[PDB]
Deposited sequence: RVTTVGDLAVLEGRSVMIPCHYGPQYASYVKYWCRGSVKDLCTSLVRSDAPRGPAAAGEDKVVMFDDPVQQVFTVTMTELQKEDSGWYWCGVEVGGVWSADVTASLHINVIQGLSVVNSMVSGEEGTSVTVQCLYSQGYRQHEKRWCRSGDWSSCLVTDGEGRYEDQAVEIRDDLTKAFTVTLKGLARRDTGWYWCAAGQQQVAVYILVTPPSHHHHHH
């Protein structure tokens, strides 16, 4: 038995850390990480016996080997396999697949953010590598003229809203003091890509 996580979606430029868990029989065998939709036609990318891009760490005591793939590119999308190198065992017992979809655009940590009127909330907008140099914007849905846009230093600030772009992976939008009219749909956006975020402002408490 070899098992791993379910299919993944990751923004271009980010890394993944994949556990390949295996049964206690397989502690002593070489572990490998394979790419291809068809196990019998796959290409080995890294092995646990390599002499001393992708990193492998087999931990027999925890009965898992961990595969790290860094700086993923869109062309890295596809099927991958955890494998144990052992002869004379059913291939299904010593391999496990998963699909990695490397995406270009934006995503959001939490697409529903709520807070009491008069308090502050933060939205964390994530973006893939191709948007590092784009101005970032926060817009109210339905209102083109409402966008608040970062400057050349990745910054926007007025009385109500601050945007801080870390210039590599994410920009945060801080709504500094919610009013109940702020409830509704918004966009994190860069270039022609966007991700929807809902803000729910709840009543002030006694």
Where are the gaps relative to the deposited sequence? 53-60, 215-219
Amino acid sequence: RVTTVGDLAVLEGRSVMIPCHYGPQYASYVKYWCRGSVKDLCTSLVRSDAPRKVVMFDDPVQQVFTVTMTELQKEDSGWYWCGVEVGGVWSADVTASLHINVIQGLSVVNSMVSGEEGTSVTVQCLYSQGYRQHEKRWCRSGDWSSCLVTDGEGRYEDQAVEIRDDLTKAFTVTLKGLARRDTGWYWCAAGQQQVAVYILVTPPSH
From here on, numbers count along this sequence of modelled residues.
Stretch with the higher entry mean CA B-factor, where the candidates are 158-166 and 55-63: 158-166
Highest mean C-alpha temperature factor of the two stretches 65-73 and 138-146, which is it? 138-146
Per the deposited B-factor column, the C-alpha that peaks among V102, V109, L106, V89 belongs to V109
For the CA B factor values reported in this entry, which option in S114, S128, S97, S120 has the top one? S120
Quick one: classify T4 as lowest, middle or highest third of the chain based on its Cα B-factor. lowest
Please place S37 in the lowest, middle or highest third of its chain by C-alpha B factor as given in the entry. highest
Among the modelled residues of its chain, the C-alpha B-factor of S15 falls in the third labelled lowest
Chain-relative C-alpha B factor for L175 (record values, thirds): the highest
Which third, lowest, middle or highest, does the CA B-factor of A27 fall in along this chain? middle
